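Participant: Dropping the structure in here first, questions after.
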Amino acid sequence: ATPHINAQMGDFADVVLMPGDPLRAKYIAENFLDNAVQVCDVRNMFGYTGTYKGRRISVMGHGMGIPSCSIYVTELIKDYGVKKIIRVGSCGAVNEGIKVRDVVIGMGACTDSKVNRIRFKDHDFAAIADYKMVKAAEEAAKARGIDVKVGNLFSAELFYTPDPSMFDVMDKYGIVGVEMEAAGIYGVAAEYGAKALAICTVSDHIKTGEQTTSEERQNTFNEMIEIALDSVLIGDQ
Amino acid sequence: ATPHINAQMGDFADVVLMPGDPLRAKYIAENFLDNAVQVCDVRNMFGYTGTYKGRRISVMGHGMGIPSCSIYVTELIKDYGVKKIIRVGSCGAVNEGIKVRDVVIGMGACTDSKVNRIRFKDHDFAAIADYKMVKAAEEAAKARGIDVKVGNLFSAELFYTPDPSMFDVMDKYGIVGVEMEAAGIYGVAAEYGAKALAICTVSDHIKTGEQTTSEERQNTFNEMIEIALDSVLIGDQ
Amino acid sequence: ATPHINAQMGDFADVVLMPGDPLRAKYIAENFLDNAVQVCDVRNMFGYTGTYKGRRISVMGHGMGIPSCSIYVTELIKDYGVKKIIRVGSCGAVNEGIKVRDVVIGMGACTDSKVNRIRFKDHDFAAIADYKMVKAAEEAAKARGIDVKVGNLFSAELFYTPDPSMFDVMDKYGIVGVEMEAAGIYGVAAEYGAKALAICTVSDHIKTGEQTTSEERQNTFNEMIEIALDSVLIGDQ
Amino acid sequence: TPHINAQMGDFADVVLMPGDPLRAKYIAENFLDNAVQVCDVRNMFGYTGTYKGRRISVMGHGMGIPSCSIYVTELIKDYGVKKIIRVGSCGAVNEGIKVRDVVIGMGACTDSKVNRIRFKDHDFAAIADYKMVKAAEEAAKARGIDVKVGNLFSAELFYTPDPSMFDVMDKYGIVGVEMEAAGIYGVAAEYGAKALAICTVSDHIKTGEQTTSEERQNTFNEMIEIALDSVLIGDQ
Amino acid sequence: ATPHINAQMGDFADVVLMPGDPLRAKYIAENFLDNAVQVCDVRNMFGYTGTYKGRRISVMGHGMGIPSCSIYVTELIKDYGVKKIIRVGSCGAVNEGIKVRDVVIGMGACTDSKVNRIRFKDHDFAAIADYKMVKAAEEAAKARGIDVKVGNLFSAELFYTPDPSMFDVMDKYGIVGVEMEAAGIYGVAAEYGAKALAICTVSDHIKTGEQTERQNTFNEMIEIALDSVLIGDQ
Amino acid sequence: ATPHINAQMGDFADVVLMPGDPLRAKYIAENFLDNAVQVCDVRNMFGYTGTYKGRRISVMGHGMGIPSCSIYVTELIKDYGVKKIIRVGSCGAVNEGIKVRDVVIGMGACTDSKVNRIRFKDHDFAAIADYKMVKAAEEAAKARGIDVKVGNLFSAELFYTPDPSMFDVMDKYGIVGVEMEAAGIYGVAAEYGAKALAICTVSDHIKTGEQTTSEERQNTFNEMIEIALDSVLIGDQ
Ligand SMILES: Nc1ncnc2c1ncn2[C@@H]1O[C@H](CO)[C@@H](O)[C@H]1O
Ligand SMILES: Nc1ncnc2c1ncn2[C@@H]1O[C@H](CO)[C@@H](O)[C@H]1O
Ligand SMILES: Nc1ncnc2c1ncn2[C@@H]1O[C@H](CO)[C@@H](O)[C@H]1O
Ligand SMILES: Nc1ncnc2c1ncn2[C@@H]1O[C@H](CO)[C@@H](O)[C@H]1O
Ligand SMILES: Nc1ncnc2c1ncn2[C@@H]1O[C@H](CO)[C@@H](O)[C@H]1O
Ligand SMILES: Nc1ncnc2c1ncn2[C@@H]1O[C@H](CO)[C@@H](O)[C@H]1O
């Protein structure tokens, strides 16, 4: 009943996992959730609701970029009663302390977008995740024997950046991964009084160009999804 | 062979029509082009290539927002040799001189995004369409007896704006419609040396809120697509 | 009587051609208009009114720079009822696609001035000409065998720029000519609800170094004025 | 160094920092064992002692981003300090936060231009070190104190010419207004160290709630104990 | 010869007085200088050179606005060897401490232009006059019994401002007068290593509405400027 | 009392000299004023009131940086009735025309702080001293046979700057010394309707690293203080 989501109140759980690709949302629903049913498909932005260890959880794509994910997250919170959003994505690393296949958590998200300046009187709004969600994801990873790197993501406006020198600045300031949405999701969560978190797997190294096999990448993605879902159960305690 | 488009050089025509919704690209391909074949589907962002009165033309969604459409348009130009991009979308009107169902052409596109400042040393880049494309579209509309309003669109960053007072500023400055991509597409076209145009139909009036029936809405969209396709042929003369 | 123009309502036609030099306004009035009379001379900024094929047309200098031309154009519109402004100027080229002696039209005008940010809540206002005026001038030129380059002008704040590296950015982004007024005139036209256009002749090339003579310049200037005047009649329909 | 008259080794690798050098003196004398003064240039007192056997330093940072940046930069680059815990006071702007509450700035918003100077005029999210935040929250839980973790706002002008900004801070959930965390976090990122800002809410900017001097001192004491306990948890 | 000035090196003195109106430059040269000769007239922007008590002094219009005066002042400094520029203009008042007919001096000039940010890495450049020139003008005025108001001018980009509320901010911050050039002239003087000063007469009040006497006050300003040149030389 | 000053109205003279270091305020009070009594000590920011040649004068530290000195100066003006503030400090030189041990006066103060943009609608506020105070200080130095250089200081935000290239821009633009407070003090004086001046001695040459003995340094500081105190008496005439 919203312009970008053809669902009804109650169709989504109060916690929604969101990759950018709607086909990754389909993959998560089919392989990690039990009895997941599709709840939306406007603009092919697929969303599903099923259970994980008996707990109701939804998964839906958010598209690429701050403006796209802002629309979906805003509607989920204000029109569907969603309380927590976990972006589950991929990112490029810029620092030598971070390696391909690492799992990173954006406790903060830097950005070159103007959206938070539009909201915050042109001052610096520190786009941050919800602390308890970060803690739950780090504890879930520790229980699985995975060491997550917690720090700042960089949410880029231009994937094909006209300023590649900025990657060196990100490296110097310890950015853990480059993606295009966390700062926008965090801005919406603060504006609408909800909670969010962005967890990402490092799929490529922007500075080194390091590569891996498709199998290795899929394995890391799977590990990250399990951590996100386990974190929901820890968060419920 | 690109990260967001699973196609190969030659799969796309040198002219691509792009609505934001991939399902609208599917509708255009099936109802306005002859023998259209799907050429891409990564992230469900459907793209097709067929013919219009014998002329090869492609149609593909671009997603929502400047960062999303920037990725697709940049890849089409630099990896697929696309020369002209015609965004075919919907927009909201803010001025009394514009009415619901009107067809508007963005000769320019204002914006609250920082992408053009990132490209243009933080000065004011006037994000403009290619003049010959604007002229071809206006002449195509004239041949069909369809009135068009040529002026500035406003490409917004936040659909759910925290600053609705900006709509009054847009009104005063003669903005013809509010959408979320034209300024970004125009910036990419200038950066990569290609040509673009954004043609939109007014679906809602942000101030009054005029109303229509589904049929009327569909009829106006069809009019916009015929103008756009006809403009390609005129542009080739 | 305004502070910068010592004329009375009705002294100016509803269309005014404006070069920066008042002596060029004089040359236009005396050699291209019939029965031209001087209507203003405050600060030596000469303005005249005469006829072209029986149609009333005015010509007046606007001085140099955005703040200067803004004063004159605002007064012409708000105090003298002027509806259309045609800047008839000179500019320097920065792109190799543009040659000296070429006639360029600013469908848009980029700038490093803060005037449009002051008007548009610090967002990006695309400073644009009126489409119908652009089309009339392009058609007038085409009828005379002159191929006008329609694109973005760059209206500079500092003729003696402390940042010459910006010329390379202008070149990359396709700027057709460098002058110091179009973006300001376009901003005034949008603010006051009037229409404007800037047509310029390329006097020199900033990138390659190509220069011109006084004779070549004079010949090209005459052509520009003939195009501008014919465009007024086309615009009248 | 130009602002610290000490020598390498005089400071522990963890330094607690209130803005007032006299609060640093109070902490050294009442919470640390055998604390000795290690610096006094510009009256910015710093001390080193032990807490439950662990070496810990405490030093004032002055008021405002420029002042605390000088001291924190010197501590990290010239004295080998690895972790900085600002232990201060702040004003609340949101109804969800009460006077006497203990807040932790996982992030710090600001109207300063310092991070823009560092980060190509883009938005650097000034953040604390996660493990330090977690240790402080766990230390507070062990003491039966509920901490509110979120964004501080590090102001440039205490006597702001724009009081309407407090309403924007309230709307965006800022937990407290102080004048340093965003600057400390920017230095920590630039110099590769770790920081955290924990503050007690001493006043409510929106409501004006009052409390006795005794109540404020008790809350300050509680917060210092949490910060020191957090160092021990962080060492594990 | 330069693109905007059709003179030759040596035609201008090392000190140039500049009003915005070229006709005011003409008036100054004919009534306050001896043996004044016109040295330039491109775009009708008249410039002259004559003497004041035997000392060579030039006078030339600068046009309206920062970009316009920047072109003329830059060329005078870099192509004609000018060392000092004295803008002699008119301005509007916004503060109740300033009255119409007052003579004000911009020791600083605030602005809404982006030119000094373009020059100064987007930081805040305080556009200032040369101190010794300010002092010379203030002392010249004091000797004549004229009490000059020395402070900040505001050099506006838009005469017909879309933001009139900014006049209340100028008033609160003590701006002494609103004109459209001083911050640009000061920016050029710093960039090129020269010296400048902007002295203006208050033609009217923006806050109270008091209107205006102009000729008499203008004459006084020019007398102060000229005497300030000789003091500056000593 | 005020939050940062434990004094009462009347404890401070109407003129206050302010070094950044409270121990330098103590030194000035004990060695240059007669019968100075300490009037405040909150946060160890010592302030004193005594007489100089019979004239009541106060001296108090202001701490380091714009935000710190802004608090103290604002409270002195609005709560303690102070009319004139004379910052007496040290600075670093960037220009060859300035030498170590020189005494410089900030008629203006440039800055990279955002405080004056926050006050002045994001435009350029020229942070300036009060002219009569500047003149009094220059005349006081002349009486003592001490040459002074009057120009623009640069009030830095980051002592350990991440952008040392800005020192070359400061040099080119004639900056006479680099400190961290004058622009802030000047902004407060304008906002609160008071008067201020910053006089500094060059302690180091950021470009050459010029050097001296402690005795020479102490001698130059004493010279600056004598000039400052003498300027108060001249200012009263
Ligand atoms: N290096 C990267 N830069 C930007 N976005 C990235 C990168 N790697 C992965 N992504 C993610 O995938 C998309 C871009 O391919 C974005 O939506 C973002 O979430
Ligand atoms: N009023 C509107 N504001 C913003 N985008 C709009 C509007 N109306 C239609 N759109 C279009 O549809 C999407 C937002 O629903 C955007 O991708 C944009 O192209
Ligand atoms: N290269 C150029 N840069 C700026 N303005 C130019 C240039 N060439 C011509 N002009 C025009 O002439 C004037 C500057 O000589 C301006 O008013 C502008 O209209
Ligand atoms: N309301 C407040 N606003 C700003 N700083 C505050 C506030 N309350 C406490 N502080 C702290 O105390 C000092 C200002 O009194 C700052 O250094 C800051 O750390
Ligand atoms: N109120 C005013 N605002 C702007 N410029 C003014 C004002 N009064 C006088 N001037 C001067 O006259 C011109 C505008 O009339 C400018 O060039 C400026 O020097
Ligand atoms: N080179 C310098 N850069 C910045 N501040 C300086 C410098 N030299 C002296 N200072 C002064 O001393 C302090 C920094 O050491 C500041 O408060 C400032 O007043």
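Residue 1 is the first one shown; counting continues down the chain.
If you're wondering, the header gives X-ray crystallography, 1.5 Å.
Keep in mind that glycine also has a Cβ here, set from the backbone N, Cα and C atoms.
Residues annotated as purine D-ribonucleoside binding site in Swiss-Prot: F:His4, F:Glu179, F:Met180, F:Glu181, F:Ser203, F:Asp204. Residues annotated as phosphate binding site in Swiss-Prot: F:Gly20, F:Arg24, F:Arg43, F:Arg87, F:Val88, F:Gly89, F:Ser90. Per Swiss-Prot, active site, proton donor is recorded for F:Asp204. Under the heading site 'Important for catalytic activity', Swiss-Prot lists F:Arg217, citing sequence analysis as support.
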Participant: Pick from F:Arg43, F:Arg87: which of these binding-site residues has the biggest number of other Cβ atoms within 10 Å of its Cβ?
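Facilitator: Answer returned by the neighbour count: F:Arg87.
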Participant: Which binding-site residues from the set F:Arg24, F:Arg43, F:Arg87, F:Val88 come within 10 angstroms of F:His4 (purine D-ribonucleoside binding site), judged by C-alpha positions?
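Facilitator: So the list reads F:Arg43.
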Participant: Out of F:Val88, F:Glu179, F:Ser203, give those binding-site residues positioned within 10 angstroms of F:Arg217 (site 'Important for catalytic activity'), comparing C-alpha atoms, in sequence order.
Facilitator: F:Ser203
Participant: Output, ordered by sequence, the same-chain residues six or more apart from F:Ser203 (purine D-ribonucleoside binding site) with a CB under 8 Å from its CB, or 'none'.
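Facilitator: For F:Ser203 (purine D-ribonucleoside binding site), the qualifying residues are F:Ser90, F:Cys91, F:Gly92, F:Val100, F:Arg217.
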Participant: Under DSSP, is F:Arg217 (site 'Important for catalytic activity') helix, strand or coil?
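Facilitator: Looking at the DSSP assignment, F:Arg217 (site 'Important for catalytic activity') belongs to a helix.
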Participant: Once the chains shown are all counted, how many other Cβ atoms turn up within 10 Å of the Cβ of F:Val88 (phosphate binding site)?
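Facilitator: By my count, 23.
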Participant: Within a 10 Å radius around the Cβ, which one of these binding-site residues has the most neighbouring Cβ atoms: F:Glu179, F:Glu181, F:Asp204?
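Facilitator: Compared across F:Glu179, F:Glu181, F:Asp204, the most Cβ atoms within 10 Å surround F:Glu181.
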Participant: Between F:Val88 (phosphate binding site) and F:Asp204 (purine D-ribonucleoside binding site), how many Å separate their Cα atoms?
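Facilitator: Cα-Cα distance, F:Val88 (phosphate binding site) to F:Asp204 (purine D-ribonucleoside binding site): 16 Å.
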Participant: Note down the number of other Cβ atoms within 10 Å of the Cβ of F:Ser90 (phosphate binding site), including every protein chain shown.
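Facilitator: That number is 19.
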Participant: By CA-CA distance, flag whichever of F:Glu179, F:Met180, F:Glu181, F:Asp204 among the binding-site residues is nearest to F:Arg87 (phosphate binding site).
Facilitator: F:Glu181
Participant: For the phosphate binding residues given in the record (F:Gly20, F:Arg24, F:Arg43, F:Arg87, F:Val88, F:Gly89, F:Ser90), what is the largest pairwise C-alpha separation in angstrom?
Facilitator: 22
Participant: Of the residues named as purine D-ribonucleoside binders, F:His4, F:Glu179, F:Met180, F:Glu181, F:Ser203, F:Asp204, how far apart in Å are the Cα atoms of the most distant pair?
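Facilitator: If we measure all Cα pairs in F:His4, F:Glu179, F:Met180, F:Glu181, F:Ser203, F:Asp204, the largest is 31 Å.
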Participant: Do any of the binding-site residues F:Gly20, F:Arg87, F:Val88, F:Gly89, F:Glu179 touch ligand 6, in the sense that the CB is under 6 Å from one of its atoms?
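Facilitator: What lies within reach of ligand 6, judged by Cβ under 6 Å, is F:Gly20, F:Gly89, F:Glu179.
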Participant: I want to check the contact list for F:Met180 (purine D-ribonucleoside binding site): same chain, sequence separation of six or more, C-beta distance under 8 angstroms. What comes out?
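Facilitator: Result: F:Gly20, F:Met64, F:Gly65, F:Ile66, F:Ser155, F:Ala156, F:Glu157, F:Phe159.
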Participant: Using a 10 angstroms cut-off on Cβ to Cβ distances, just flag whichever of F:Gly20, F:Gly89 is the loneliest among these binding-site residues.
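Facilitator: Among the binding-site residues F:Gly20, F:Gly89, the lowest count of other Cβ atoms within 10 Å belongs to F:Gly20.
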Participant: Which one of these recorded positions, F:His4, F:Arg24, F:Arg217, has the sparsest Cβ neighbourhood, judged by other Cβ atoms within 10 angstroms?
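Facilitator: Lowest Cβ count within 10 Å among the recorded positions (F:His4, F:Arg24, F:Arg217) is F:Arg217.
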Participant: Can you name the binding-site residues among F:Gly20, F:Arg43, F:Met180, F:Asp204 whose Cβ is less than 8 Å from some Cβ in chain D?
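Facilitator: Near chain D - Cβ to Cβ under 8 Å - we find F:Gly20, F:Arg43, F:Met180.
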Participant: Measuring Cα to Cα, tell me the gap between F:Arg24 (phosphate binding site) and F:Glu181 (purine D-ribonucleoside binding site) in whole angstrom.
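Facilitator: Distance between the two Cα atoms comes out at 16 Å.
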Participant: When the Cα of F:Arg43 (phosphate binding site) is compared with the Cα of each of the binding-site residues F:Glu179, F:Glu181, F:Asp204, which one is closest?
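Facilitator: Closest recorded candidate to F:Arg43 (phosphate binding site) by Cα: F:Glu181.
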Participant: Let me know the DSSP-derived helix, strand or coil state of F:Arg24 (phosphate binding site), please.
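Facilitator: DSSP call for F:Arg24 (phosphate binding site): helix.
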Participant: Write down the Cα-Cα distance for F:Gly89 (phosphate binding site) and F:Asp204 (purine D-ribonucleoside binding site), rounded and given in Å.
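Facilitator: It is 13 Å, counting Cα to Cα.
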Participant: Using DSSP, would you call F:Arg43 (phosphate binding site) helix, strand or coil?
Facilitator: helix
